[PDB]
Amino acid sequence: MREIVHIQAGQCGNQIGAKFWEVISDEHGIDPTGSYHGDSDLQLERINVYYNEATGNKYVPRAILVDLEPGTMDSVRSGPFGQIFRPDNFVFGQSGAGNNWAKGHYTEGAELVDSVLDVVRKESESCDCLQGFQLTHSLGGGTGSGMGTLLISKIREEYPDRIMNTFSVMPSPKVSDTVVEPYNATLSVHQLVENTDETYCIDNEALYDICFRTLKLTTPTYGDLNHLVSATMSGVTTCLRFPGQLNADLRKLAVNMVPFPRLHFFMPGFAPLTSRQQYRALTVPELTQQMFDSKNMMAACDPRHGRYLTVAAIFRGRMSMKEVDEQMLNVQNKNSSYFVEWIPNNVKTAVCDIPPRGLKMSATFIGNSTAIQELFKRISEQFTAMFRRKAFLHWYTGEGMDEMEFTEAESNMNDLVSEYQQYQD
Amino acid sequence: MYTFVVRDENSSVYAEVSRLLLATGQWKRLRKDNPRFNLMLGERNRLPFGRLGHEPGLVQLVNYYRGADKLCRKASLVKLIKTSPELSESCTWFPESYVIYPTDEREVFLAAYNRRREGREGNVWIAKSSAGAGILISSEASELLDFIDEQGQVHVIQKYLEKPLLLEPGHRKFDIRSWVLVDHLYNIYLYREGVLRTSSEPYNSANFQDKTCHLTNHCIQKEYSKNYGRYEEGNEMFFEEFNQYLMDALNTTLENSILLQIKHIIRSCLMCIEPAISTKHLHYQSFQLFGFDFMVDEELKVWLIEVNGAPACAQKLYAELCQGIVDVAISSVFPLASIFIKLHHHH
Amino acid sequence: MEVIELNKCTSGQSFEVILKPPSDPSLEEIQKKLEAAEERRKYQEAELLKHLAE
Amino acid sequence: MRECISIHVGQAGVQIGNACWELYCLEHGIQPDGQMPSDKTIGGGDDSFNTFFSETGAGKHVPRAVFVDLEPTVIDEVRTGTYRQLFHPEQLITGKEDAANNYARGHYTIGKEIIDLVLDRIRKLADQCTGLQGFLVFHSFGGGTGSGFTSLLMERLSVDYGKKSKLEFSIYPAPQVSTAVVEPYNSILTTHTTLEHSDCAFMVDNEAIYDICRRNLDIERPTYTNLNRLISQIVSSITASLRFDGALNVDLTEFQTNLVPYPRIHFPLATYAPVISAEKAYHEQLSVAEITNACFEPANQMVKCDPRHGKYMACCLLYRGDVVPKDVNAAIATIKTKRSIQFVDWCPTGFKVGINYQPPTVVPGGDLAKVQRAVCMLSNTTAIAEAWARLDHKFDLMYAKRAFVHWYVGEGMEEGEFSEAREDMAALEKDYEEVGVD
Ligand SMILES: Nc1nc2c(ncn2[C@@H]2O[C@H](COP(=O)(O)OP(=O)(O)OP(=O)(O)O)[C@@H](O)[C@H]2O)c(=O)[nH]1
Ligand SMILES: Nc1ncnc2c1ncn2[C@@H]1O[C@H](COP(=O)(O)OP(=O)(O)CP(=O)(O)O)[C@@H](O)[C@H]1O
Ligand SMILES: Nc1nc2c(ncn2[C@@H]2O[C@H](COP(=O)(O)OP(=O)(O)O)[C@@H](O)[C@H]2O)c(=O)[nH]1
Ligand SMILES: [Ca+2]
Ligand SMILES: [Ca+2]
Ligand SMILES: [Ca+2]
Ligand SMILES: [Mg+2]
Ligand SMILES: [Mg+2]
Ligand SMILES: [Mg+2]
């Protein structure tokens with residue numbers, strides 16, 4: 001019994017979190033009211049990892065929905081699987097954070113963080129053995145960004161020996177809500193470098209290009225973007241939700257993917273990604289060519305610009321496990337110039353018999369590549385473009401922040417880039 | 001797309017092999033420390049064989065036979081011939097040799113030496129070693145042994161061929177270099193092309209102090225010999241000219257009088273150590289190019305001098321041989337999208 | 001080629017064939033290593049909390 | 001009669017242990033409920049098999065075994081599996097969270113809090129022995145528990161049982177069936193702190209078991225069950241002399257005496273043959289000379305290396321089935337004249353031979369075919385040092401960048417212990433070269 005406590009904060013964090021619990025609930029056979037209606041025992045073997053078991057054989061997700069405004073969480077509660085979440089796990093305010101990191105972190109957020117930790121403490125006290133926490137949120141807004149990193153910081157204080165993992169959506173000018181997203185993302189990235197063990201970097205720009213160029217969606221919505229995060233979140237968490245020895249728990253995964261403490265930001269990837277020629281069977285070679293293809297990756301970084309520190313791949317479905325090894329070994333041997341030679345066998349592969357809904361077989365990719373520095377460079381450049389002129393700072397100084405804290409965050413992220421660089425050579 | 005790595009930058013042979021592999025567009029060279037390779041052009045000394053053959057799904061091939069040093073070391077070759085029953089101590093194509101440390105064969109050498117001195121027989125011996133460029137020729141056992149004690153590495157004293165075959169005009173010594181390729185299946189391929197490294201100085205049996213007319217090494221002739229390049233370009237005669245000469249002078253052919261024996265010696269030596277170096281059931285595969293050095297006496301009897309483990313090649317034959325190395329040795333294990341003579345034998 | 005010490009019994013036999021003749025830390029010291037590592041863990045946890053306290 | 005206590009640590013040790021005891025019962029006519037019809041001395045006795053099984057008044061035969069894993073999901077297999085009735089709950093020990101492939105975590109962090117508990121459960125078994133010989137410790141090199149907790153267990157066992165012998169059965173890490181990257185670290189950390197506490201260790205390279213399963217059994221992608229059923233055969237052949245009547249390797253001390261003349265060089269290479277697929281139409285039964293000859297083929301060694309380029313310090317031939325000393329010598333003579341077998345000059349060029357007439361038992365429905373005769377050769381070659389060279393090299397690649405070191409330091413281990421361990425393996429590699437090279 002190795003339980004995970006899930007937290008979703010802010011608008012983005014909750015809409016993506018909702019779809020995540022929608023996706024896997026289907027996979028584990030749980031219906032919108034929390035009643036198991038599957039046909040496989042593999043569905044329940046590790047069901048307690050994400051679901052508590054209540055009276056009447058009811059499975060309730062171990063998720064804590066958090067926000068500073070009621071708007072979004074009222075949509076989740078009215079959504080398809082809204083009735084499955086524990087009513088007490090809805091912690092929300094009324095002020096909102098107005099896309100302001102300082103509000104979610106220092107002012108509005110601090111007023112609400114204590115009650116969130118009361119629910120976290122409630123869920124932990126019922127876990128036989130708590131693995132760690134996973135948080136879903138965007139870095140460009142105010143709540144999931146400012147208050148999200150506030151929770152991580154306070155959760156780490158109370159659970160210093162538990163794994164802290166997050167799925168983080170990085171802002172992109174192409175899919176922007178406000179101009180201050182570089183400010184908010186930069187301030188959060190420093191919190192993550194310090195207080196998380198694993199952070200899946202999800203760039204809205206990559207999700208956009210994939211929806212436009214690969215999925216052939218003329219006009220992508222946030223919902224269309226969130227379909228990719230759902231599928232990806234379900235993929236990375238497969239090793240945890242089904243029987244296996246490769247990346248079994250959250251700590252073993254961190255031990256095998258993180259060679260250095262601050263370089264723990266991953267590039268997720270998923271295959272297939274087909275437009276509506278959708279019924280065609282996908283062979284194992286095709287799953288591997290696409291899975292490593294930059295177009296199938298969600299961090300908006302060309303891996304051919306950097307080197308993989310470590311790679312974790314998960315294949316789902318009934319397929320040739322021999323044919324998996326042969327193709328995975330083909331990609332490493334045919335592009336070894338992109339793998340660090342000083343970490344032997346830094347590409348581990350896992351297999352799972354249960355495929356995602358409506359797919360014969362799929363593959364998810366988790367890469368700790370030094371190309372991720374291209375992502376932090378974009379943010380750092382947009383940040384400096386405005387910060388050199390002190391543009392839009394008044395929203396933040398008016399909440400108690402000093403310019404010194406911005407300068408520090410800027411330096412911390414530039415250091416993070418300089419650290420990825422020295423390991424890329 | 002195959003991959004290979006280089007670990008001997010000083011090898012002219014495999015430097016040309018690495019150039020041909022890249023020319024085919026189907027081979028990719030990696031850093032010398034990248035373990036994900038199909039082919040290793042390894043270092044001469046202390047090649048880490050223990051690390052080969054442990055890469056999942058990679059068939060790994062190396063250009064050296066672990067244990068072939070037993071054949072390519074002066075003192076090791078003498079020990080191999082005297083102990084291996086397949087060659088016996090009475091081996092008829094290898095000069096009487098003895099291992100002399102500065103076990104040791106000192107008293108056995110003096111015994112055979114005293115027997116020759118007493119029986120009026122030509123008692124001229126040559127002392128050499130592997131740590132040389134360091135050779136001494138003398139008919140006095142005292143000088144040979146005294147010369148070895150002045151050094152600090154193992155030496156070998158073997159009988160000197162006082163009756164060498166002398167090419168005319170010139171009255172000059174020579175030695176034959178044969179290149180032999182052994183592939184992963186332990187087939188023995190003799191390169192159709194050989195070279196005679198000739199001496200540009202007339203042979204003199206009454207003066208072993210001037211070693212220019214007795215040593216046929218390419219470097220010595222080009223530095224201490226004053227007739228270098230006179231009779232043949234670079235003191236290198238090839239099999240075509242050498243065969244024509246043997247027909248005009250001795251009324252025989254290079255195949256009948258010499259090549260048959262060379263082919264026999266090559267077989268006997270390699271077949272001997274096949275059990276000790278065969279990679280037939282091993283987790284990796286090995287191949288290697290060898291350089292056999294032979295001597296020929298005035299009776300047309302061939303003698304084995306030494307065996308080179310990392311031999312260079314004659315400038316005019318780098319293309320044909322290196323290309324052949326890729327065809328039979330590398331592309332036979334990694335096929336792409338004869339100049340040799342196969343020496344059949346029982347495995 | 002000599003066989004020696006042929007031992008036979010109902011369930012098997014054993015022998016030797018020669019082809020050629022020839023030619024700690026105490027209990028206290030472990031508790032100290034274990035407790036030393038535990039201390040360094042406590043120190044690195046104090047610095048974390050002290051850093052979160054700031 | 002003297003007793004042997006088996007200790008299984010981590011997933012690898014526990015699952016392999018489960019396979020061996022399944023095989024021991026089939027060999028000694030024991031049933032899953034613990035009953036042994038052939039044992040006429042009810043509730044006691046000092047037969048050879050009593051070195052591995054105890055007896056209760058009800059006639060049950062209980063393994064002298066302990067299972068230790070810092071996480072319950074694997075040992076839970078044993079509690080509910082086929083042989084659940086053999087072991088009583090005291091023998092099965094589990095924590096709640098594993099070591100996370102982190103040697104430091106299993107040795108320092110979690111090991112410290114569960115060490116006294118394990119020692120006690122072992123003390124209970126020892127109290128039932130009238131003359132304990134020692135222990136057999138199964139574990140993996142790579143696992144955080146297999147590596148980290150075992151080294152601590154060895155250190156304490158040397159304190160609490162000084163005059164007792166300790167043999168290991170260790171799984172050498174192979175990337176084809178591993179998903180941990182830090183296994184070189186754990187392997188060398190644990191070999192450093194365990195070396196002075198082990199009298200004789202049998203390394204099994206998963207790469208070797210894997211290839212044997214793909215090549216000889218025709219399993220395209222072998223599982224742990226495939227690997228373990230084969231490993232337990234080799235283990236059975238090695239422990240057979242302790243469980244059956246015999247005169248060769250009749251106690252744990254005789255293993256060091258016959259195989260380890262130098263204490264630090266105590267890693268005998270193991271070779272087994274024949275391994276025939278049960279799905280075959282029907283195989284030709286190999287002769288004593290053919291299976292013996294196979295013992296010098298690298299393709300059926302428990303560790304891939306080339307004994308032709310090393311030197312032997314000792315060599316045991318353990319046959320099971322229809323074999324007679326006449327056919328053994330006939331084959332050994334023929335092999336000397338063909339193979340390359342160089343002994344160290346300070347050791348006789350001899351072969352100790354043991355023959356058990358009961359042919360190898362195979363698990364019903366397993367992957368191995370029934371054979372009329374088989375052999376396991378235990379030879380101490382300097383060539384097995386290749387396995388250290390490989391491992392030591394992977395250690396150097398990561399450690400030069402200090403990769404993953406923070407996970408170990410985070411659990412209380414000092415960075416100096418990395419170099420102190422590597423410096424020891426460098427010393428170990430030198431001892432092998434000083435004994436085998438010229
Ligand atoms: N032959 C064999 N090898 C195994 C088996 N189980 C695990 N391994 C190997 O053991 C290594 C990992 O060690 P584990 O036993 O899984 O780790 P552990 O002892 O449980 O320690 P933890 O880190 O706490 O889980 C890998 O190299 C696996 O290939 C098994 O059943 N048979
Ligand atoms: N027993 C012998 N009788 C006559 N000449 C001999 C001889 N041993 C060596 N030589 C002469 O020495 C030369 C080769 O010397 P050797 O091969 O032993 O040294 P080396 O190995 O440094 C040269 P290489 O490796 O290029 O063949 C030959 O040209 C030969 O003429
Ligand atoms: N992928 C994705 N991104 C979103 C979604 N909603 C908002 N975002 C992004 O998140 C950032 C705004 O943060 P938001 O979550 O709305 O702020 P918060 O509610 O205060 O936490 C912007 O970069 C948006 O592009 C969503 O549903 N999916
Ligand atoms: Ca307020
Ligand atoms: Ca009894
Ligand atoms: Ca001891
Ligand atoms: Mg919004
Ligand atoms: Mg030479
Ligand atoms: Mg485990």
# chains A, B, ... in the order shown; residues from 1 in each chain; ligands from 1
>>> residues_around(residues="residue 25 of chain B", least_positions_apart="6", cutoff="12 Å", atoms="only C-alpha atoms", output="list in words")
residues 1, 2, 3, 18, 19, 336 and 337 of chain B
>>> residues_around(residues="residue 97 of chain A", least_positions_apart="6", cutoff="6 Å", atoms="only C-alpha atoms", output="ChimeraX atom specification")
/A:103-104,142-143
>>> residues_around(residues="residue 17 of chain C", least_positions_apart="4", cutoff="6 Å", atoms="only C-alpha atoms", output="VMD selection string")
(chain C and resid 2 to 3) or (chain D and resid 350 to 351)
>>> residues_around(residues="residue 150 of chain B", least_positions_apart="6", cutoff="12 Å", atoms="only C-alpha atoms", output="number ranges by chain")
B: 101-102, 134, 143-144
>>> interface_residues(of="chain A", to="chain D", cutoff="9 Å", atoms="only C-alpha atoms", output="PyMOL selection string")
chain A and resi 1-2+128-129+131+245-247+249-261+310+320-322+325+341-350
>>> write_last_selection(atoms="N, CA and C atoms", output="compact mmCIF listing (two decimals), in the first residue's frame")
# COMPACT_ATOMS: atom_id res chain seq x y z
N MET A 1 0.83 -1.20 0.00
CA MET A 1 0.00 0.00 0.00
C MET A 1 0.87 1.25 0.00
N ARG A 2 1.14 1.78 -1.19
CA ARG A 2 2.01 2.94 -1.39
C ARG A 2 1.17 4.06 -2.00
N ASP A 128 -1.67 4.07 4.51
CA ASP A 128 -0.82 3.05 5.12
C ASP A 128 0.65 3.40 4.97
N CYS A 129 1.08 3.74 3.75
CA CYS A 129 2.44 4.21 3.52
C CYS A 129 2.40 5.23 2.38
N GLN A 131 3.66 7.44 -0.39
CA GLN A 131 4.79 7.61 -1.29
C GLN A 131 5.21 9.07 -1.34
N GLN A 245 8.12 -3.63 -11.81
CA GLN A 245 9.32 -3.38 -11.02
C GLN A 245 10.13 -2.19 -11.51
N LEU A 246 9.80 -1.65 -12.68
CA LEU A 246 10.54 -0.55 -13.28
C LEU A 246 9.84 0.76 -12.95
N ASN A 247 10.52 1.62 -12.18
CA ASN A 247 9.93 2.87 -11.70
C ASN A 247 8.69 2.58 -10.86
N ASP A 249 7.74 2.77 -7.46
CA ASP A 249 7.25 3.86 -6.63
C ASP A 249 7.89 5.18 -7.07
N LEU A 250 7.48 6.27 -6.42
CA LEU A 250 7.94 7.58 -6.84
C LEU A 250 9.41 7.81 -6.50
N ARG A 251 9.91 7.20 -5.43
CA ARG A 251 11.30 7.42 -5.05
C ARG A 251 12.26 6.69 -5.99
N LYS A 252 11.97 5.43 -6.32
CA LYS A 252 12.82 4.71 -7.26
C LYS A 252 12.89 5.43 -8.60
N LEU A 253 11.76 5.97 -9.07
CA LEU A 253 11.76 6.72 -10.32
C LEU A 253 12.66 7.94 -10.22
N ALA A 254 12.59 8.67 -9.10
CA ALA A 254 13.45 9.83 -8.94
C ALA A 254 14.92 9.42 -8.86
N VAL A 255 15.21 8.28 -8.23
CA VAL A 255 16.59 7.85 -8.08
C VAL A 255 17.21 7.52 -9.43
N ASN A 256 16.42 6.98 -10.36
CA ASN A 256 16.93 6.54 -11.64
C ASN A 256 16.86 7.61 -12.72
N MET A 257 16.11 8.69 -12.49
CA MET A 257 15.96 9.74 -13.48
C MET A 257 16.70 11.03 -13.14
N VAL A 258 17.08 11.22 -11.88
CA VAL A 258 17.66 12.49 -11.44
C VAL A 258 19.10 12.30 -11.00
N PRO A 259 20.08 12.50 -11.88
CA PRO A 259 21.48 12.38 -11.45
C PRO A 259 21.95 13.54 -10.60
N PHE A 260 21.35 14.72 -10.76
CA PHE A 260 21.72 15.88 -9.97
C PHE A 260 20.46 16.56 -9.43
N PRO A 261 20.51 17.08 -8.20
CA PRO A 261 19.26 17.44 -7.52
C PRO A 261 18.45 18.51 -8.22
N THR A 310 18.87 10.89 -18.78
CA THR A 310 18.22 9.60 -18.60
C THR A 310 16.90 9.62 -19.35
N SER A 320 4.93 -7.45 -28.82
CA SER A 320 6.13 -8.26 -28.70
C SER A 320 7.12 -7.54 -27.79
N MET A 321 7.24 -8.03 -26.55
CA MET A 321 8.23 -7.47 -25.65
C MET A 321 9.64 -7.63 -26.21
N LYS A 322 9.88 -8.71 -26.96
CA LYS A 322 11.14 -8.84 -27.68
C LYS A 322 11.29 -7.75 -28.73
N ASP A 325 12.27 -4.36 -27.06
CA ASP A 325 13.69 -4.24 -26.75
C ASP A 325 14.51 -3.98 -28.00
N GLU A 341 27.49 9.60 -22.49
CA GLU A 341 28.23 8.35 -22.40
C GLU A 341 28.62 8.02 -20.96
N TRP A 342 28.57 8.99 -20.05
CA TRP A 342 28.99 8.80 -18.67
C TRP A 342 27.86 8.38 -17.75
N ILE A 343 26.74 7.92 -18.30
CA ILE A 343 25.70 7.24 -17.52
C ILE A 343 25.32 5.97 -18.26
N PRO A 344 25.92 4.83 -17.93
CA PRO A 344 25.64 3.60 -18.68
C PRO A 344 24.19 3.16 -18.53
N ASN A 345 23.59 2.77 -19.66
CA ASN A 345 22.25 2.18 -19.67
C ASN A 345 21.21 3.15 -19.12
N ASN A 346 21.31 4.42 -19.52
CA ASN A 346 20.42 5.47 -19.04
C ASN A 346 19.07 5.49 -19.76
N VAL A 347 18.67 4.39 -20.39
CA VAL A 347 17.39 4.28 -21.09
C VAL A 347 16.72 3.00 -20.62
N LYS A 348 15.76 3.12 -19.71
CA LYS A 348 15.03 1.98 -19.17
C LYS A 348 13.62 1.93 -19.75
N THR A 349 13.17 0.73 -20.08
CA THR A 349 11.89 0.51 -20.74
C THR A 349 10.99 -0.34 -19.86
N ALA A 350 9.71 0.04 -19.79
CA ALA A 350 8.70 -0.70 -19.06
C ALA A 350 7.56 -1.06 -19.99
>>> closest_residue(among="B:270, B:185, B:148, B:307", to="ligand 2", atoms="only C-alpha atoms and all ligand atoms")
B:307
>>> residues_near_ligand(ligand="ligand 7", cutoff="8 Å", atoms="only C-alpha atoms and all ligand atoms", output="JSON, numbers by chain")
{"A": [10, 11, 12, 99, 141, 177]}
>>> write_last_selection(atoms="C-alpha atoms", output="PDB file, in the first residue's frame")
ATOM      1  CA  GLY A  10      -5.770  27.093  -9.924  1.00  0.00           C
ATOM      2  CA  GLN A  11      -7.783  27.146 -13.115  1.00  0.00           C
ATOM      3  CA  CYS A  12      -5.349  25.218 -15.311  1.00  0.00           C
ATOM      4  CA  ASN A  99      -2.870  36.104 -12.546  1.00  0.00           C
ATOM      5  CA  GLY A 141      -1.168  32.316 -13.540  1.00  0.00           C
ATOM      6  CA  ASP A 177      -3.683  34.928 -20.941  1.00  0.00           C
TER       7      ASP A 177
END
>>> interface_residues(of="chain B", to="chain A", cutoff="10 Å", atoms="only C-alpha atoms", output="list in words")
residues 1, 2, 3, 28, 30, 31, 33, 34, 35, 36, 37, 38, 55, 56, 57 and 58 of chain B
>>> interface_residues(of="chain D", to="chain C", cutoff="10 Å", atoms="only C-alpha atoms", output="PyMOL selection string")
chain D and resi 104+107-109+111-113+152+155-156+158-160+162+196-197+244-249+316-325+328-329+332-333+336+343-358+409-414
>>> interface_residues(of="chain A", to="chain C", cutoff="9 Å", atoms="only C-alpha atoms", output="PDB file with C-alpha atoms, in the first residue's frame")
ATOM      1  CA  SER A 153       7.003  24.666   0.259  1.00  0.00           C
ATOM      2  CA  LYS A 154       4.692  24.048   3.214  1.00  0.00           C
ATOM      3  CA  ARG A 156       7.832  19.848   2.202  1.00  0.00           C
ATOM      4  CA  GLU A 157       8.183  21.437   5.639  1.00  0.00           C
ATOM      5  CA  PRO A 160      10.445  16.497   4.400  1.00  0.00           C
TER       6      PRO A 160
END
>>> select_by_dssp(residues="segment 158-364 of chain D", states="helix (DSSP H, G or I)", output="PDB file with C-alpha atoms, in the first residue's frame")
ATOM      1  CA  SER D 158      30.386 -11.853  11.934  1.00  0.00           C
ATOM      2  CA  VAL D 159      29.916 -10.358  15.407  1.00  0.00           C
ATOM      3  CA  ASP D 160      27.146 -12.641  16.681  1.00  0.00           C
ATOM      4  CA  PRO D 175      20.992  -4.055 -18.036  1.00  0.00           C
ATOM      5  CA  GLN D 176      18.726  -6.332 -20.093  1.00  0.00           C
ATOM      6  CA  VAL D 177      16.647  -7.252 -17.021  1.00  0.00           C
ATOM      7  CA  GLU D 183      23.428  -0.623  -9.685  1.00  0.00           C
ATOM      8  CA  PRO D 184      27.192  -0.229 -10.312  1.00  0.00           C
ATOM      9  CA  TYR D 185      27.318   2.004  -7.227  1.00  0.00           C
ATOM     10  CA  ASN D 186      25.414  -0.490  -5.069  1.00  0.00           C
ATOM     11  CA  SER D 187      27.389  -3.468  -6.388  1.00  0.00           C
ATOM     12  CA  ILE D 188      30.746  -1.939  -5.451  1.00  0.00           C
ATOM     13  CA  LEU D 189      29.588  -0.409  -2.170  1.00  0.00           C
ATOM     14  CA  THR D 190      28.308  -3.793  -1.027  1.00  0.00           C
ATOM     15  CA  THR D 191      31.304  -5.772  -2.285  1.00  0.00           C
ATOM     16  CA  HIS D 192      33.611  -3.459  -0.319  1.00  0.00           C
ATOM     17  CA  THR D 193      31.866  -3.747   3.052  1.00  0.00           C
ATOM     18  CA  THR D 194      30.936  -7.430   2.581  1.00  0.00           C
ATOM     19  CA  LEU D 195      34.271  -8.759   1.298  1.00  0.00           C
ATOM     20  CA  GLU D 196      35.913  -9.366   4.682  1.00  0.00           C
ATOM     21  CA  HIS D 197      32.693 -10.986   5.969  1.00  0.00           C
ATOM     22  CA  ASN D 206      21.736 -12.085 -15.055  1.00  0.00           C
ATOM     23  CA  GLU D 207      23.104 -11.480 -18.556  1.00  0.00           C
ATOM     24  CA  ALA D 208      24.411 -15.058 -18.499  1.00  0.00           C
ATOM     25  CA  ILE D 209      21.142 -16.545 -17.237  1.00  0.00           C
ATOM     26  CA  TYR D 210      19.241 -14.420 -19.763  1.00  0.00           C
ATOM     27  CA  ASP D 211      21.224 -15.637 -22.776  1.00  0.00           C
ATOM     28  CA  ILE D 212      21.111 -19.263 -21.622  1.00  0.00           C
ATOM     29  CA  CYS D 213      17.323 -18.950 -21.389  1.00  0.00           C
ATOM     30  CA  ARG D 214      17.017 -17.381 -24.842  1.00  0.00           C
ATOM     31  CA  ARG D 215      19.500 -19.755 -26.499  1.00  0.00           C
ATOM     32  CA  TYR D 224      12.285 -13.689 -13.536  1.00  0.00           C
ATOM     33  CA  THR D 225      10.489 -17.018 -13.113  1.00  0.00           C
ATOM     34  CA  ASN D 226      12.480 -18.369 -16.065  1.00  0.00           C
ATOM     35  CA  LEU D 227      15.702 -16.943 -14.636  1.00  0.00           C
ATOM     36  CA  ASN D 228      15.017 -18.179 -11.108  1.00  0.00           C
ATOM     37  CA  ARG D 229      14.048 -21.768 -11.925  1.00  0.00           C
ATOM     38  CA  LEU D 230      17.375 -22.086 -13.741  1.00  0.00           C
ATOM     39  CA  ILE D 231      19.363 -20.335 -11.001  1.00  0.00           C
ATOM     40  CA  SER D 232      17.858 -22.652  -8.387  1.00  0.00           C
ATOM     41  CA  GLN D 233      19.126 -25.691 -10.301  1.00  0.00           C
ATOM     42  CA  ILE D 234      22.676 -24.337 -10.079  1.00  0.00           C
ATOM     43  CA  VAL D 235      22.106 -23.521  -6.411  1.00  0.00           C
ATOM     44  CA  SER D 236      20.739 -27.013  -5.783  1.00  0.00           C
ATOM     45  CA  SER D 237      23.818 -28.569  -7.394  1.00  0.00           C
ATOM     46  CA  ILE D 238      26.014 -26.461  -5.108  1.00  0.00           C
ATOM     47  CA  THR D 239      24.083 -27.191  -1.899  1.00  0.00           C
ATOM     48  CA  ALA D 240      23.375 -30.821  -2.824  1.00  0.00           C
ATOM     49  CA  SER D 241      26.413 -32.048  -0.885  1.00  0.00           C
ATOM     50  CA  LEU D 242      25.055 -30.440   2.291  1.00  0.00           C
ATOM     51  CA  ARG D 243      21.617 -32.066   1.943  1.00  0.00           C
ATOM     52  CA  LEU D 252      30.310 -24.920   4.601  1.00  0.00           C
ATOM     53  CA  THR D 253      33.958 -24.951   5.685  1.00  0.00           C
ATOM     54  CA  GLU D 254      34.881 -27.385   2.912  1.00  0.00           C
ATOM     55  CA  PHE D 255      33.776 -24.768   0.351  1.00  0.00           C
ATOM     56  CA  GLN D 256      36.510 -22.334   1.388  1.00  0.00           C
ATOM     57  CA  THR D 257      39.053 -25.143   1.772  1.00  0.00           C
ATOM     58  CA  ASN D 258      38.467 -26.574  -1.706  1.00  0.00           C
ATOM     59  CA  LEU D 259      37.802 -23.365  -3.654  1.00  0.00           C
ATOM     60  CA  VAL D 288      29.742 -37.651 -19.437  1.00  0.00           C
ATOM     61  CA  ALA D 289      32.429 -36.414 -21.827  1.00  0.00           C
ATOM     62  CA  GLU D 290      30.051 -34.092 -23.677  1.00  0.00           C
ATOM     63  CA  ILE D 291      28.501 -32.406 -20.629  1.00  0.00           C
ATOM     64  CA  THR D 292      31.915 -32.220 -18.957  1.00  0.00           C
ATOM     65  CA  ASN D 293      33.387 -30.742 -22.138  1.00  0.00           C
ATOM     66  CA  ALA D 294      30.564 -28.183 -22.043  1.00  0.00           C
ATOM     67  CA  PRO D 298      31.814 -19.805 -22.058  1.00  0.00           C
ATOM     68  CA  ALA D 299      28.211 -20.060 -23.299  1.00  0.00           C
ATOM     69  CA  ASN D 300      27.012 -21.922 -20.174  1.00  0.00           C
ATOM     70  CA  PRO D 307      38.981 -18.785 -18.543  1.00  0.00           C
ATOM     71  CA  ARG D 308      41.466 -19.451 -21.365  1.00  0.00           C
ATOM     72  CA  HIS D 309      43.106 -16.136 -20.411  1.00  0.00           C
ATOM     73  CA  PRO D 325      34.398 -42.174 -11.931  1.00  0.00           C
ATOM     74  CA  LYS D 326      35.568 -44.137 -14.980  1.00  0.00           C
ATOM     75  CA  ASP D 327      33.738 -41.897 -17.458  1.00  0.00           C
ATOM     76  CA  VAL D 328      34.731 -38.752 -15.540  1.00  0.00           C
ATOM     77  CA  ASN D 329      38.487 -39.302 -15.814  1.00  0.00           C
ATOM     78  CA  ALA D 330      38.091 -40.438 -19.427  1.00  0.00           C
ATOM     79  CA  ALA D 331      36.525 -37.068 -20.236  1.00  0.00           C
ATOM     80  CA  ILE D 332      38.925 -35.001 -18.117  1.00  0.00           C
ATOM     81  CA  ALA D 333      41.949 -36.587 -19.785  1.00  0.00           C
ATOM     82  CA  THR D 334      40.481 -35.846 -23.220  1.00  0.00           C
ATOM     83  CA  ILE D 335      39.867 -32.221 -22.242  1.00  0.00           C
ATOM     84  CA  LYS D 336      43.408 -31.542 -20.990  1.00  0.00           C
TER      85      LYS D 336
END
>>> closest_residue(among="B:115, B:281, B:211, B:106", to="chain D", atoms="only C-alpha atoms")
B:281
>>> interface_residues(of="chain B", to="chain D", cutoff="8 Å", atoms="only C-alpha atoms", output="list in words")
residues 50, 51, 56, 67, 275, 276, 281, 282 and 283 of chain B
